[PDB]
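Working notes, beginning with the structure itself.
Using ideal geometry, Cβ is built from the backbone for each residue, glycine included, and neighbour counts are taken over all protein chains shown. Here, each number is a calculation from the coordinates, and none is a lab measurement.
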Amino acid sequence: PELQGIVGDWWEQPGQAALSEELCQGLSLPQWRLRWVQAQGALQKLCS
Amino acid sequence: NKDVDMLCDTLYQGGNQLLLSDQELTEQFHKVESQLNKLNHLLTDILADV
């Protein structure tokens, strides 16, 4: 089960869940990811 | 006759089938093999996921 947890850690949480909006006040990492998803979806819609 | 009797009793050890191998050692080998198979199944599941 420790190796299963290590398998899970790399797959979905490489320091991603260790951030907030107060640290690095400008914009938090989930907001950057959401903006990236919106822009990349627009690019994928334009390419297709 | 007594020699034949406890020789038969020592070799049979209460089982109709002959017991050349040590029986509790044999089931120790069997449970080691079974637990190793379970660990190998878990390990191969982890290998497939990786």
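A quick yes/no check of all residues on (1) touching a helix residue (DSSP H, G or I) at 6+ places or on another chain (Cβ under 9 Å); (2) surrounded by 10 or more Cβ atoms within 10 Å (Cβ to Cβ); (3) within 14 Å of chain B (Cβ to nearest Cβ):
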site	(1), (2), (3)
A:3	yes, yes, yes
A:6	no, yes, yes
A:15	no, no, no
A:26	no, no, no
A:32	no, yes, no
A:35	no, yes, no
A:38	no, yes, no
A:42	no, yes, no
A:45	no, no, no
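Kindly provide the set of residues from region B:4-21 that are surrounded by 10 or more Cβ atoms within 10 Å (Cβ to Cβ), in a loop (DSSP other than H, G, I, E, B) and hydrophobic (A, V, I, L, M, F, W, C), ordered by number.
B:19
So residue B:32 passes all but one of these: (1) within 30 Å of residue A:5 (Cβ to Cβ); (2) of a type in the set (A, V, I, L, M, F, W, C); (3) over 17 Å from the mean Cα position of the chain (by Cα). Which condition number does it fail?
Evaluating residue B:32 over (1) within 30 Å of residue A:5 (Cβ to Cβ); (2) of a type in the set (A, V, I, L, M, F, W, C); (3) over 17 Å from the mean Cα position of the chain (by Cα) leaves (3) as the failure.
Those residues that are more than 13 Å from the chain's Cα centre (by Cα) and at negative phi, I need them from region A:11-26; list them, please.
Hits for region A:11-26 are A:21, A:22, A:23, A:25, A:26.
Which pairs turn up if I take residues in region B:39-50 that are facing another protein chain (nearest Cβ under 9 Å) and look for partners that are surrounded by fewer than 11 Cβ atoms within 10 Å (Cβ to Cβ) and part of a helix (DSSP H, G or I) with beta carbon separation below 9 Å, at least 6 apart in sequence or on another chain?
Listed by first residue and then by second, the contacts come to B:49/A:11.
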